[PDB]
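Have a look at the structure below before the remarks.
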Amino acid sequence: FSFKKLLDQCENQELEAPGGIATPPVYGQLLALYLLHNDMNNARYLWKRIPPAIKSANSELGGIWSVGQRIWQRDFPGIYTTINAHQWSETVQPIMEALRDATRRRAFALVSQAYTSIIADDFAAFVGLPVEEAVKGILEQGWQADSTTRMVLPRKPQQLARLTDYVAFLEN
Amino acid sequence: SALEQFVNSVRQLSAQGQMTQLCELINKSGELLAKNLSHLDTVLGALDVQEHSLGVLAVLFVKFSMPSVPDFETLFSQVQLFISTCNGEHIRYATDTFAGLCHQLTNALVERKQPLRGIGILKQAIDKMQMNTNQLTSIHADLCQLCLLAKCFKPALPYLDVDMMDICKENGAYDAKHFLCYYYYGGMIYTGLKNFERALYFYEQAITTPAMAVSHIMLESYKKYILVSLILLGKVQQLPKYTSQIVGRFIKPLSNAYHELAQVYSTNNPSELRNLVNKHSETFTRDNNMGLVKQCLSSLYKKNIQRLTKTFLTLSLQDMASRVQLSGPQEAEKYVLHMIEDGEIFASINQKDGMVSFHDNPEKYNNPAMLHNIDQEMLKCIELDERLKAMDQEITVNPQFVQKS
(Lines give C-alpha, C1' and ligand atoms only; values in the text may rest on other atoms or scores of the structure.)
Protein backbone atom coordinates (compact mmCIF):
# COMPACT_ATOMS: atom_id res chain seq x y z
CA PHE A 1 0.00 0.00 0.00
CA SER A 2 2.98 2.27 0.61
CA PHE A 3 3.88 1.88 -3.07
CA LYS A 4 0.89 4.01 -4.10
CA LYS A 5 1.86 6.97 -1.91
CA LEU A 6 5.50 6.49 -2.92
CA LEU A 7 4.45 6.77 -6.57
CA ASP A 8 2.36 9.85 -5.78
CA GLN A 9 5.20 11.64 -3.98
CA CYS A 10 7.79 10.62 -6.59
CA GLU A 11 5.57 11.87 -9.42
CA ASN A 12 5.01 15.14 -7.55
CA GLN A 13 8.77 15.52 -7.02
CA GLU A 14 9.37 14.84 -10.71
CA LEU A 15 6.69 17.30 -11.85
CA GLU A 16 8.27 20.27 -10.02
CA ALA A 17 12.00 20.69 -10.62
CA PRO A 18 14.50 23.52 -11.23
CA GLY A 19 15.18 22.22 -14.74
CA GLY A 20 12.89 19.22 -15.08
CA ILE A 21 15.58 16.74 -13.97
CA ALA A 22 15.37 15.12 -10.54
CA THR A 23 17.90 12.91 -8.76
CA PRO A 24 18.82 9.57 -10.38
CA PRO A 25 17.28 7.71 -7.41
CA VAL A 26 13.95 9.35 -8.24
CA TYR A 27 14.15 8.10 -11.83
CA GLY A 28 15.11 4.62 -10.66
CA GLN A 29 12.29 4.40 -8.13
CA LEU A 30 9.71 5.74 -10.60
CA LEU A 31 10.71 3.35 -13.37
CA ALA A 32 10.89 0.35 -11.03
CA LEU A 33 7.45 1.14 -9.61
CA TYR A 34 6.02 1.54 -13.12
CA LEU A 35 7.40 -1.91 -13.94
CA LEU A 36 5.86 -3.28 -10.73
CA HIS A 37 2.36 -2.08 -11.66
CA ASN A 38 2.57 -3.62 -15.18
CA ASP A 39 2.15 -0.20 -16.83
CA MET A 40 4.57 -0.50 -19.74
CA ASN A 41 3.52 2.53 -21.81
CA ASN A 42 4.15 5.05 -19.02
CA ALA A 43 7.44 3.36 -18.13
CA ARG A 44 8.62 3.51 -21.75
CA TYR A 45 7.61 7.16 -22.07
CA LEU A 46 9.45 7.96 -18.83
CA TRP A 47 12.53 6.16 -20.17
CA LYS A 48 12.37 8.19 -23.39
CA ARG A 49 11.99 11.35 -21.28
CA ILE A 50 15.29 10.77 -19.43
CA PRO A 51 18.07 13.10 -20.65
CA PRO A 52 21.04 11.25 -22.18
CA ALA A 53 23.61 12.50 -19.66
CA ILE A 54 21.96 11.24 -16.47
CA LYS A 55 20.97 7.91 -18.03
CA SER A 56 24.50 7.39 -19.37
CA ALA A 57 26.06 8.32 -16.01
CA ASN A 58 24.48 5.38 -14.15
CA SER A 59 24.19 1.79 -15.36
CA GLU A 60 21.44 1.16 -12.80
CA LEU A 61 18.93 2.82 -15.12
CA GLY A 62 20.31 0.79 -18.01
CA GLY A 63 19.79 -2.49 -16.18
CA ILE A 64 16.31 -1.55 -15.01
CA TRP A 65 15.39 -0.60 -18.58
CA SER A 66 16.79 -3.94 -19.75
CA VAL A 67 14.47 -5.78 -17.38
CA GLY A 68 11.70 -3.45 -18.56
CA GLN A 69 12.31 -4.52 -22.16
CA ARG A 70 12.31 -8.14 -20.97
CA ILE A 71 8.88 -7.51 -19.42
CA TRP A 72 7.76 -5.89 -22.68
CA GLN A 73 8.70 -8.95 -24.74
CA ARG A 74 6.92 -11.19 -22.18
CA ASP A 75 9.84 -13.61 -21.81
CA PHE A 76 9.33 -14.98 -18.30
CA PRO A 77 12.64 -16.92 -18.01
CA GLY A 78 14.30 -13.72 -19.19
CA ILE A 79 12.51 -11.95 -16.34
CA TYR A 80 13.75 -14.45 -13.78
CA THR A 81 17.33 -14.41 -15.11
CA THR A 82 17.71 -10.64 -15.60
CA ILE A 83 16.32 -9.70 -12.17
CA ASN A 84 19.12 -11.68 -10.45
CA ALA A 85 22.05 -10.78 -12.72
CA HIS A 86 23.07 -7.38 -11.30
CA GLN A 87 23.75 -6.11 -7.77
CA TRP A 88 21.34 -3.30 -6.97
CA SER A 89 21.41 -0.38 -4.56
CA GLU A 90 19.41 0.01 -1.36
CA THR A 91 16.98 2.62 -2.73
CA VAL A 92 15.64 0.12 -5.30
CA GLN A 93 16.16 -3.16 -3.42
CA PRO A 94 12.85 -3.49 -1.49
CA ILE A 95 10.65 -2.98 -4.57
CA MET A 96 12.14 -5.51 -7.01
CA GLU A 97 11.47 -8.42 -4.64
CA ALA A 98 7.83 -7.35 -4.66
CA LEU A 99 8.07 -7.16 -8.45
CA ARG A 100 9.47 -10.70 -8.55
CA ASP A 101 6.86 -12.34 -6.34
CA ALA A 102 4.05 -10.36 -8.00
CA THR A 103 5.19 -11.65 -11.40
CA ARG A 104 5.42 -15.16 -9.93
CA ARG A 105 1.83 -14.90 -8.71
CA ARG A 106 0.75 -13.51 -12.08
CA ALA A 107 2.44 -16.41 -13.88
CA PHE A 108 0.70 -18.91 -11.59
CA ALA A 109 -2.65 -17.23 -12.28
CA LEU A 110 -2.01 -17.23 -16.04
CA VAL A 111 -1.09 -20.93 -16.01
CA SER A 112 -4.17 -21.79 -13.94
CA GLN A 113 -6.43 -19.72 -16.22
CA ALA A 114 -5.19 -20.51 -19.74
CA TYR A 115 -3.35 -23.84 -19.77
CA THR A 116 -5.19 -27.13 -19.30
CA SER A 117 -2.33 -29.57 -20.00
CA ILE A 118 1.22 -28.20 -19.82
CA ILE A 119 4.53 -30.06 -19.82
CA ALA A 120 6.29 -29.83 -16.46
CA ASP A 121 9.43 -28.33 -18.03
CA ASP A 122 7.52 -25.43 -19.60
CA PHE A 123 5.58 -24.82 -16.38
CA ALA A 124 8.82 -24.77 -14.39
CA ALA A 125 10.29 -22.33 -16.91
CA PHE A 126 7.23 -20.10 -16.49
CA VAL A 127 7.47 -20.20 -12.69
CA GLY A 128 11.26 -19.85 -12.67
CA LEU A 129 11.84 -22.59 -10.08
CA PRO A 130 13.17 -26.18 -10.23
CA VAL A 131 10.65 -28.83 -11.24
CA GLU A 132 10.52 -30.88 -8.05
CA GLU A 133 9.29 -28.35 -5.47
CA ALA A 134 6.87 -26.80 -7.95
CA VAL A 135 5.42 -30.26 -8.62
CA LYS A 136 4.98 -31.05 -4.92
CA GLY A 137 3.51 -27.60 -4.24
CA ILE A 138 0.95 -27.79 -7.04
CA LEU A 139 0.18 -31.23 -5.64
CA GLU A 140 -0.81 -29.58 -2.35
CA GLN A 141 -2.90 -26.71 -3.77
CA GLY A 142 -4.92 -29.27 -5.73
CA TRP A 143 -3.45 -29.64 -9.22
CA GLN A 144 -3.27 -33.24 -10.39
CA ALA A 145 0.16 -34.20 -11.72
CA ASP A 146 1.22 -37.02 -14.02
CA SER A 147 4.46 -38.98 -13.71
CA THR A 148 6.23 -40.80 -16.61
CA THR A 149 4.87 -38.39 -19.23
CA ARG A 150 5.70 -35.67 -16.65
CA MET A 151 2.64 -33.51 -17.29
CA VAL A 152 0.78 -30.89 -15.26
CA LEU A 153 -3.02 -30.54 -15.46
CA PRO A 154 -3.99 -27.45 -13.43
CA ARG A 155 -7.61 -26.94 -12.44
CA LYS A 156 -9.19 -23.57 -13.19
CA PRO A 157 -10.11 -21.52 -10.06
CA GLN A 158 -29.68 0.16 0.73
CA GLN A 159 -31.35 -1.36 -2.33
CA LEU A 160 -34.75 0.21 -1.67
CA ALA A 161 -33.14 3.67 -1.49
CA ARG A 162 -31.82 3.24 -5.03
CA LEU A 163 -35.17 1.85 -6.18
CA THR A 164 -37.11 4.77 -4.71
CA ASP A 165 -34.64 7.20 -6.28
CA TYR A 166 -35.27 5.51 -9.63
CA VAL A 167 -39.05 5.65 -9.25
CA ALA A 168 -38.91 9.30 -8.16
CA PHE A 169 -36.74 10.14 -11.17
CA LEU A 170 -39.07 8.38 -13.61
CA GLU A 171 -42.33 9.71 -12.13
CA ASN A 172 -41.12 13.26 -12.95
CA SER B 1 6.76 59.63 -13.92
CA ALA B 2 3.33 58.43 -15.04
CA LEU B 3 3.94 55.12 -13.23
CA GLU B 4 3.19 56.70 -9.84
CA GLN B 5 -0.15 58.12 -10.99
CA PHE B 6 -1.00 54.85 -12.76
CA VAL B 7 -0.33 52.74 -9.67
CA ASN B 8 -2.17 55.19 -7.39
CA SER B 9 -5.22 55.18 -9.67
CA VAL B 10 -5.09 51.38 -9.69
CA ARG B 11 -5.07 51.53 -5.89
CA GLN B 12 -8.16 53.69 -5.48
CA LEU B 13 -10.07 52.01 -8.32
CA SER B 14 -9.45 48.57 -6.80
CA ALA B 15 -10.37 49.88 -3.34
CA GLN B 16 -13.63 51.40 -4.63
CA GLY B 17 -14.87 47.98 -5.79
CA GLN B 18 -16.21 48.49 -9.32
CA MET B 19 -13.95 46.65 -11.72
CA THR B 20 -14.46 47.07 -15.48
CA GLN B 21 -12.84 50.53 -15.54
CA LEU B 22 -9.47 48.96 -14.68
CA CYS B 23 -9.71 46.45 -17.52
CA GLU B 24 -10.84 49.05 -20.05
CA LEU B 25 -8.05 51.47 -19.10
CA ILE B 26 -5.17 48.96 -18.92
CA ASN B 27 -5.85 47.43 -22.34
CA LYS B 28 -5.78 50.86 -24.05
CA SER B 29 -2.62 52.17 -22.35
CA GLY B 30 -0.03 49.56 -23.32
CA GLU B 31 2.10 52.17 -25.09
CA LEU B 32 2.60 53.99 -21.78
CA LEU B 33 4.00 50.88 -20.09
CA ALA B 34 5.99 49.60 -23.09
CA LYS B 35 8.39 52.57 -23.34
CA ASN B 36 10.09 52.35 -19.92
CA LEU B 37 11.80 48.92 -19.57
CA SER B 38 12.80 50.00 -16.03
CA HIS B 39 9.52 49.24 -14.21
CA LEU B 40 10.93 46.16 -12.45
CA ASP B 41 10.51 48.06 -9.18
CA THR B 42 6.95 48.84 -10.31
CA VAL B 43 6.28 45.12 -10.82
CA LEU B 44 6.40 44.49 -7.07
CA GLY B 45 6.31 47.96 -5.46
CA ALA B 46 3.42 48.10 -3.01
CA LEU B 47 1.26 46.06 -5.44
CA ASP B 48 0.45 42.89 -3.53
CA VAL B 49 -0.24 39.89 -5.76
CA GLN B 50 -3.58 39.28 -4.01
CA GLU B 51 -5.55 42.51 -4.40
CA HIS B 52 -3.76 44.11 -7.37
CA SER B 53 -3.83 41.02 -9.59
CA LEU B 54 -4.98 42.80 -12.76
CA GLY B 55 -2.43 45.61 -12.47
CA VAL B 56 0.50 43.21 -12.26
CA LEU B 57 -1.13 40.94 -14.86
CA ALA B 58 -1.13 43.73 -17.44
CA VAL B 59 2.46 44.64 -16.53
CA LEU B 60 3.62 41.04 -16.94
CA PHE B 61 1.76 40.63 -20.24
CA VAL B 62 3.32 43.80 -21.64
CA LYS B 63 6.78 42.82 -20.38
CA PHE B 64 6.50 39.33 -21.87
CA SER B 65 4.99 40.52 -25.17
CA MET B 66 8.21 42.10 -26.48
CA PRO B 67 10.17 39.74 -28.76
CA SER B 68 13.59 38.43 -27.70
CA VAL B 69 13.20 38.75 -23.93
CA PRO B 70 16.68 39.01 -22.36
CA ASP B 71 15.94 37.45 -18.95
CA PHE B 72 13.94 34.20 -18.93
CA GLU B 73 14.39 33.00 -15.34
CA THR B 74 13.18 36.23 -13.71
CA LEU B 75 9.98 36.35 -15.75
CA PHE B 76 9.47 32.61 -15.25
CA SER B 77 9.65 33.02 -11.47
CA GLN B 78 7.42 36.10 -11.60
CA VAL B 79 4.71 34.33 -13.61
CA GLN B 80 4.98 31.23 -11.41
CA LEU B 81 4.44 33.35 -8.30
CA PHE B 82 1.59 35.25 -9.96
CA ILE B 83 -0.22 32.08 -11.03
CA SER B 84 0.30 30.27 -7.72
CA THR B 85 -0.72 33.22 -5.52
CA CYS B 86 -3.39 34.67 -7.79
CA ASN B 87 -6.76 36.14 -6.85
CA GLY B 88 -9.12 33.54 -8.29
CA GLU B 89 -12.12 35.50 -9.56
CA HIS B 90 -10.80 38.90 -10.64
CA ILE B 91 -8.77 37.28 -13.43
CA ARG B 92 -12.06 36.14 -15.00
CA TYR B 93 -12.64 39.67 -16.35
CA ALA B 94 -9.46 40.11 -18.43
CA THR B 95 -9.51 36.61 -19.90
CA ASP B 96 -7.98 37.65 -23.23
CA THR B 97 -4.80 39.00 -21.61
CA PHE B 98 -4.54 35.86 -19.46
CA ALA B 99 -4.87 33.61 -22.51
CA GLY B 100 -2.30 35.64 -24.44
CA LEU B 101 0.15 35.54 -21.54
CA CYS B 102 -0.25 31.78 -21.17
CA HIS B 103 0.18 31.20 -24.92
CA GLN B 104 3.34 33.32 -24.91
CA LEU B 105 4.60 31.43 -21.86
CA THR B 106 4.02 28.06 -23.53
CA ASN B 107 5.80 29.31 -26.66
CA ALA B 108 8.75 30.52 -24.57
CA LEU B 109 8.97 27.21 -22.72
CA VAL B 110 8.75 25.07 -25.87
CA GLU B 111 11.05 27.33 -27.90
CA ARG B 112 14.34 26.33 -26.30
CA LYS B 113 14.25 22.64 -25.23
CA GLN B 114 11.74 21.90 -22.49
CA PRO B 115 7.92 21.91 -22.36
CA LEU B 116 7.82 20.01 -19.07
CA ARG B 117 8.72 22.83 -16.66
CA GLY B 118 5.52 24.75 -17.37
CA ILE B 119 3.15 21.77 -17.15
CA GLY B 120 2.33 22.15 -13.46
CA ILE B 121 2.05 25.92 -13.81
CA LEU B 122 -0.54 25.45 -16.54
CA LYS B 123 -2.41 22.90 -14.44
CA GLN B 124 -2.60 25.60 -11.77
CA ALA B 125 -4.04 28.15 -14.21
CA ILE B 126 -6.84 25.89 -15.50
CA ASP B 127 -8.62 25.75 -12.14
CA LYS B 128 -8.33 29.52 -11.60
CA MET B 129 -10.04 30.76 -14.76
CA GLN B 130 -12.66 28.23 -15.89
CA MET B 131 -16.01 28.60 -14.15
CA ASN B 132 -16.55 24.83 -13.86
CA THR B 133 -14.38 21.75 -14.25
CA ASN B 134 -16.45 20.86 -17.34
CA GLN B 135 -15.65 24.07 -19.20
CA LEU B 136 -13.36 23.99 -22.23
CA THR B 137 -10.92 26.87 -22.64
CA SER B 138 -8.04 27.81 -24.93
CA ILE B 139 -5.49 27.04 -22.21
CA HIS B 140 -6.42 23.35 -22.37
CA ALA B 141 -4.92 23.21 -25.87
CA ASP B 142 -1.64 24.67 -24.61
CA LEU B 143 -1.62 22.21 -21.70
CA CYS B 144 -2.14 19.29 -24.08
CA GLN B 145 0.55 20.57 -26.46
CA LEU B 146 3.10 20.91 -23.65
CA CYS B 147 2.13 17.49 -22.28
CA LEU B 148 2.54 15.81 -25.67
CA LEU B 149 5.86 17.51 -26.36
CA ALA B 150 7.16 16.76 -22.84
CA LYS B 151 6.54 12.98 -23.09
CA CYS B 152 4.81 12.92 -19.68
CA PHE B 153 1.26 11.84 -20.48
CA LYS B 154 -0.06 11.03 -17.00
CA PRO B 155 -0.42 14.58 -15.54
CA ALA B 156 -2.90 15.61 -18.27
CA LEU B 157 -5.29 12.68 -17.77
CA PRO B 158 -7.56 14.35 -15.13
CA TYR B 159 -8.19 17.34 -17.42
CA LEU B 160 -9.06 15.08 -20.38
CA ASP B 161 -11.27 12.30 -19.00
CA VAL B 162 -13.95 14.77 -17.86
CA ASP B 163 -16.30 15.92 -20.61
CA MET B 164 -16.29 19.59 -21.64
CA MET B 165 -19.64 21.35 -22.03
CA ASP B 166 -19.81 24.97 -23.23
CA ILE B 167 -16.73 26.85 -24.48
CA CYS B 168 -15.65 30.25 -23.20
CA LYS B 169 -15.76 33.01 -25.81
CA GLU B 170 -13.10 34.91 -23.78
CA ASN B 171 -13.85 38.26 -25.43
CA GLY B 172 -13.80 36.88 -28.97
CA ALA B 173 -10.33 35.34 -28.82
CA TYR B 174 -11.26 31.63 -28.94
CA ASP B 175 -11.07 30.91 -32.66
CA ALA B 176 -11.10 27.45 -34.26
CA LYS B 177 -7.31 27.13 -33.91
CA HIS B 178 -7.72 26.62 -30.14
CA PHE B 179 -10.63 24.14 -30.41
CA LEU B 180 -9.42 21.93 -33.26
CA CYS B 181 -5.94 21.63 -31.73
CA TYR B 182 -7.21 20.46 -28.33
CA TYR B 183 -9.34 17.56 -29.58
CA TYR B 184 -6.45 16.47 -31.84
CA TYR B 185 -3.77 16.53 -29.15
CA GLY B 186 -6.23 14.58 -27.02
CA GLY B 187 -6.25 11.93 -29.73
CA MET B 188 -2.45 12.02 -29.69
CA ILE B 189 -2.25 11.55 -25.92
CA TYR B 190 -4.83 8.73 -25.85
CA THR B 191 -3.42 6.83 -28.83
CA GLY B 192 -0.13 6.60 -26.93
CA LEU B 193 -1.81 5.03 -23.89
CA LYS B 194 -3.64 2.33 -25.92
CA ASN B 195 -7.05 3.77 -24.97
CA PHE B 196 -8.34 3.64 -28.51
CA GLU B 197 -12.06 4.26 -27.89
CA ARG B 198 -11.67 7.77 -26.47
CA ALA B 199 -8.91 8.59 -28.96
CA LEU B 200 -11.26 7.65 -31.80
CA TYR B 201 -14.03 9.72 -30.20
CA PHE B 202 -11.76 12.78 -29.96
CA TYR B 203 -10.58 12.34 -33.55
CA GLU B 204 -14.18 12.08 -34.76
CA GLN B 205 -15.12 15.21 -32.81
CA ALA B 206 -12.17 17.05 -34.37
CA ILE B 207 -13.23 15.94 -37.86
CA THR B 208 -16.80 17.27 -37.68
CA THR B 209 -16.01 20.91 -36.91
CA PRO B 210 -17.94 23.42 -39.06
CA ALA B 211 -15.33 24.82 -41.44
CA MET B 212 -15.67 26.22 -44.97
CA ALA B 213 -11.98 25.63 -45.73
CA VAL B 214 -9.14 23.13 -45.30
CA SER B 215 -6.83 23.36 -42.29
CA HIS B 216 -3.50 21.68 -41.55
CA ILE B 217 -4.28 19.65 -38.42
CA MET B 218 -7.53 18.42 -40.01
CA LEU B 219 -5.61 16.25 -42.49
CA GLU B 220 -3.49 14.67 -39.76
CA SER B 221 -6.57 14.11 -37.59
CA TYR B 222 -8.31 12.39 -40.51
CA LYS B 223 -5.28 10.17 -41.14
CA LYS B 224 -5.03 9.17 -37.48
CA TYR B 225 -8.79 8.57 -37.40
CA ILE B 226 -8.59 6.25 -40.41
CA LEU B 227 -5.74 4.41 -38.68
CA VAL B 228 -7.41 4.13 -35.26
CA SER B 229 -10.76 2.99 -36.66
CA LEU B 230 -8.98 0.14 -38.44
CA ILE B 231 -7.07 -0.57 -35.22
CA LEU B 232 -10.08 -0.99 -32.95
CA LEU B 233 -12.89 -2.09 -35.28
CA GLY B 234 -12.42 -4.24 -38.36
CA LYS B 235 -13.80 -1.54 -40.67
CA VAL B 236 -13.86 2.21 -41.24
CA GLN B 237 -16.45 3.80 -38.96
CA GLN B 238 -18.79 6.03 -40.95
CA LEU B 239 -18.42 9.73 -40.17
CA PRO B 240 -21.45 11.46 -38.61
CA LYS B 241 -23.79 13.18 -41.04
CA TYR B 242 -23.39 16.62 -39.44
CA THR B 243 -20.07 17.21 -41.21
CA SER B 244 -19.04 20.11 -43.42
CA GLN B 245 -19.02 19.40 -47.15
CA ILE B 246 -15.36 20.48 -47.41
CA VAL B 247 -14.15 17.08 -46.18
CA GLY B 248 -16.12 15.28 -48.89
CA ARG B 249 -14.41 17.15 -51.73
CA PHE B 250 -10.86 18.19 -50.76
CA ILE B 251 -9.37 16.15 -47.91
CA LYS B 252 -10.71 12.76 -49.06
CA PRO B 253 -8.80 12.49 -52.39
CA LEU B 254 -5.66 14.04 -50.88
CA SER B 255 -5.03 11.07 -48.54
CA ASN B 256 -5.07 8.13 -50.95
CA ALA B 257 -2.50 5.85 -49.29
CA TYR B 258 -4.58 5.49 -46.12
CA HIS B 259 -7.71 4.67 -48.11
CA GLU B 260 -5.67 2.05 -49.98
CA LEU B 261 -4.61 0.68 -46.59
CA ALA B 262 -8.26 0.46 -45.55
CA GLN B 263 -9.24 -1.24 -48.82
CA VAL B 264 -6.49 -3.84 -48.47
CA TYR B 265 -7.28 -4.35 -44.77
CA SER B 266 -10.91 -5.06 -45.68
CA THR B 267 -9.81 -8.23 -47.50
CA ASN B 268 -8.35 -9.87 -44.35
CA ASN B 269 -5.20 -10.81 -46.28
CA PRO B 270 -2.01 -10.48 -44.19
CA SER B 271 0.31 -10.90 -47.22
CA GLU B 272 -0.59 -8.04 -49.58
CA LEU B 273 -0.74 -5.64 -46.63
CA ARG B 274 2.99 -6.07 -46.01
CA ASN B 275 3.76 -5.19 -49.63
CA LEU B 276 1.38 -2.21 -49.55
CA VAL B 277 2.86 -0.78 -46.35
CA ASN B 278 6.38 -1.34 -47.68
CA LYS B 279 5.58 0.47 -50.94
CA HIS B 280 3.97 3.54 -49.30
CA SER B 281 6.52 3.90 -46.49
CA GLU B 282 7.73 7.31 -47.67
CA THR B 283 4.51 9.25 -47.02
CA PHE B 284 3.87 7.50 -43.70
CA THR B 285 7.38 8.29 -42.48
CA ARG B 286 6.98 11.89 -43.67
CA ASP B 287 3.76 12.17 -41.65
CA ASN B 288 5.73 10.79 -38.65
CA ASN B 289 2.92 8.42 -37.62
CA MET B 290 5.08 5.28 -37.74
CA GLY B 291 3.90 2.83 -35.10
CA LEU B 292 0.17 3.22 -35.71
CA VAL B 293 0.50 1.41 -39.06
CA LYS B 294 2.53 -1.58 -37.88
CA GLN B 295 -0.24 -1.95 -35.30
CA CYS B 296 -2.61 -2.28 -38.25
CA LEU B 297 -0.38 -5.03 -39.64
CA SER B 298 -0.45 -6.85 -36.30
CA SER B 299 -4.22 -6.40 -35.99
CA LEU B 300 -4.97 -8.94 -38.73
CA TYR B 301 -3.43 -11.79 -36.73
CA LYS B 302 -5.52 -10.69 -33.73
CA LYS B 303 -8.75 -10.43 -35.75
CA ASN B 304 -8.48 -13.65 -37.77
CA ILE B 305 -8.38 -15.71 -34.57
CA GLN B 306 -11.51 -13.93 -33.31
CA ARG B 307 -13.15 -14.65 -36.67
CA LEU B 308 -12.20 -18.33 -36.37
CA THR B 309 -13.77 -18.31 -32.90
CA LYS B 310 -17.22 -18.02 -34.50
CA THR B 311 -16.74 -21.23 -36.53
CA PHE B 312 -14.45 -23.78 -34.84
CA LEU B 313 -15.09 -25.24 -31.39
CA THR B 314 -11.54 -26.62 -31.21
CA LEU B 315 -8.53 -26.76 -33.50
CA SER B 316 -5.10 -28.28 -33.91
CA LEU B 317 -2.29 -25.73 -33.92
CA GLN B 318 -1.11 -26.77 -37.39
CA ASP B 319 -4.45 -26.23 -39.13
CA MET B 320 -5.16 -22.83 -37.58
CA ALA B 321 -1.53 -21.81 -38.09
CA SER B 322 -1.89 -22.57 -41.79
CA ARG B 323 -5.25 -20.77 -41.87
CA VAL B 324 -3.97 -17.51 -40.33
CA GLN B 325 -0.50 -17.87 -41.94
CA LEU B 326 1.93 -16.94 -39.17
CA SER B 327 4.51 -19.53 -40.39
CA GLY B 328 4.81 -21.82 -37.41
CA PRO B 329 2.73 -23.70 -34.85
CA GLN B 330 5.06 -22.55 -32.05
CA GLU B 331 4.24 -18.86 -32.54
CA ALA B 332 0.54 -19.78 -32.63
CA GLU B 333 0.80 -20.81 -28.98
CA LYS B 334 2.44 -17.46 -28.20
CA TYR B 335 -0.33 -15.50 -29.92
CA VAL B 336 -3.06 -17.53 -28.21
CA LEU B 337 -1.37 -17.03 -24.83
CA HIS B 338 -1.15 -13.28 -25.44
CA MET B 339 -4.83 -13.17 -26.45
CA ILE B 340 -5.99 -15.08 -23.37
CA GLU B 341 -3.73 -12.97 -21.14
CA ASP B 342 -5.13 -9.68 -22.45
CA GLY B 343 -8.68 -11.05 -22.25
CA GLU B 344 -9.88 -10.48 -25.82
CA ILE B 345 -10.59 -14.21 -26.26
CA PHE B 346 -11.71 -17.17 -24.14
CA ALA B 347 -9.42 -20.01 -25.22
CA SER B 348 -7.48 -22.86 -23.63
CA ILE B 349 -4.20 -24.46 -24.71
CA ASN B 350 -4.00 -28.27 -24.44
CA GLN B 351 -0.47 -29.37 -25.31
CA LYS B 352 -0.94 -33.14 -24.89
CA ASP B 353 -2.33 -33.36 -28.45
CA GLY B 354 -1.77 -29.89 -29.93
CA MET B 355 -5.10 -28.30 -29.06
CA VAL B 356 -6.64 -24.86 -28.87
CA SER B 357 -10.15 -25.10 -27.43
CA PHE B 358 -12.69 -22.28 -27.64
CA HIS B 359 -14.87 -22.02 -24.52
CA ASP B 360 -17.71 -19.69 -25.52
CA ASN B 361 -19.23 -19.41 -22.02
CA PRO B 362 -18.04 -16.05 -20.66
CA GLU B 363 -20.93 -14.97 -18.45
CA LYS B 364 -24.40 -16.01 -17.30
CA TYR B 365 -25.63 -12.48 -16.41
CA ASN B 366 -26.97 -13.35 -12.96
CA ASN B 367 -24.27 -12.17 -10.51
CA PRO B 368 -24.53 -9.00 -8.39
CA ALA B 369 -21.64 -7.49 -10.38
CA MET B 370 -23.91 -7.14 -13.42
CA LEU B 371 -26.52 -5.44 -11.24
CA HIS B 372 -23.85 -3.03 -9.99
CA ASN B 373 -22.79 -2.28 -13.57
CA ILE B 374 -26.42 -1.60 -14.53
CA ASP B 375 -26.74 0.72 -11.52
CA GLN B 376 -23.57 2.56 -12.53
CA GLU B 377 -24.91 3.06 -16.06
CA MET B 378 -28.18 4.37 -14.61
CA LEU B 379 -26.39 6.93 -12.44
CA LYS B 380 -24.70 8.29 -15.58
CA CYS B 381 -27.84 8.39 -17.72
CA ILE B 382 -29.63 10.19 -14.88
CA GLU B 383 -26.92 12.85 -14.70
CA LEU B 384 -27.09 13.32 -18.48
CA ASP B 385 -30.87 13.73 -18.35
CA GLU B 386 -30.60 16.23 -15.49
CA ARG B 387 -28.04 18.27 -17.43
CA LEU B 388 -30.24 18.38 -20.53
CA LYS B 389 -33.27 19.37 -18.44
CA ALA B 390 -31.30 22.16 -16.74
CA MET B 391 -30.06 23.45 -20.10
CA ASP B 392 -33.59 23.41 -21.53
CA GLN B 393 -34.92 25.27 -18.48
CA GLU B 394 -32.17 27.88 -18.89
CA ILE B 395 -33.04 28.28 -22.58
CA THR B 396 -36.76 28.72 -21.83
CA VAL B 397 -36.01 31.89 -19.78
CA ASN B 398 -33.85 33.97 -22.16
CA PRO B 399 -35.57 37.28 -23.04
CA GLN B 400 -34.42 36.72 -26.62
CA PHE B 401 -36.83 33.77 -26.53
CA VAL B 402 -40.53 33.99 -25.52
CA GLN B 403 -40.94 36.41 -28.44
CA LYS B 404 -40.09 34.07 -31.34
CA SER B 405 -43.22 32.01 -30.60
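Identifiers in the C-alpha coordinates: chain A, B, ... in order shown; residue index from 1 per chain; ligand index from 1 in order shown.
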Find the residues of chain B in contact range of chain A, meaning any atom within 9 Å when counting only C-alpha atoms, and list them as a PyMOL selection string. chain B and resi 114+116-117+119-120+150-155+192-194+337-338+340-341+346-352+375+378+382
> Contacts of residue 336 in chain B at 12 Å or less, counting only C-alpha atoms, minus same-chain residues fewer than 2 places along, as a PyMOL selection string?
Replying inline: (chain A and resi 114-115) or (chain B and resi 301-306+309+315+317+320-321+329-334+338-350+355-358)
- request: List the neighbours of residue 205 in chain B out to 9 Å using only C-alpha atoms; skip same-chain residues closer than 3 positions along the sequence, and give me the result as a count of residues only.
  value: 8
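Comparing A:133, A:60, A:143, A:148 by their smallest distance to residue 90 in chain A, the closest is A:60 (using only C-alpha atoms).
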Can you pull out every residue from range 41-263 of chain B that DSSP, working from the backbone, puts in helix (DSSP H, G or I), and format the result as a PyMOL selection string? chain B and resi 41-44+53-65+72-84+90-92+95-112+116-129+138-150+154-156+158-161+176-178+180-191+196-207+216-232+247-254+256-263
Point to revise | Within 9 Å of range 244-261 of chain B using only C-alpha atoms, minus same-chain residues under 2 positions, as a ChimeraX atom specification | key: /B:207-214,218-219,222-223,226-227,241-242,263-266,273,276-277,280,283-284
For residue 58 in chain A, the closest of A:25, A:8, A:86, A:31 counting only C-alpha atoms is A:25
* To do: Give me the residues within 8 Å of residue 3 in chain B as a ChimeraX atom specification, counting only C-alpha atoms and dropping any in the same chain fewer than 3 places off.
  => /B:6-7,42
Using the selection just defined, write its residues with N, CA, C and O atoms as a tab-separated table (two decimals), in the first residue's frame.
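The resulting file, selection34.tsv, is reproduced below:
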```tsv
chain	number	residue	atom	x	y	z
B	6	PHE	N	-0.34	56.07	-12.32
B	6	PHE	CA	-1.00	54.85	-12.76
B	6	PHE	C	-1.23	53.89	-11.59
B	6	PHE	O	-2.33	53.36	-11.41
B	7	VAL	N	-0.19	53.68	-10.77
B	7	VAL	CA	-0.33	52.74	-9.67
B	7	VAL	C	-1.28	53.29	-8.61
B	7	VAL	O	-2.07	52.54	-8.03
B	42	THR	N	8.40	48.67	-10.25
B	42	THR	CA	6.95	48.84	-10.31
B	42	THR	C	6.22	47.50	-10.36
B	42	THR	O	5.04	47.44	-10.01
```
**Request:** Can you pull out every residue within 9 Å of residue 232 in chain B, counting only C-alpha atoms, but drop anything in the same chain fewer than 6 positions away, and send it as a list in words?
**Result:**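 Those residues are residues 196, 197, 200 and 299 of chain B.
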- Find the residues near range 96-108 of chain A: any atom within 7 Å, counting only C-alpha atoms, skip ones fewer than 6 places away on the same chain, and give them as a ChimeraX atom specification. /A:36,126-127
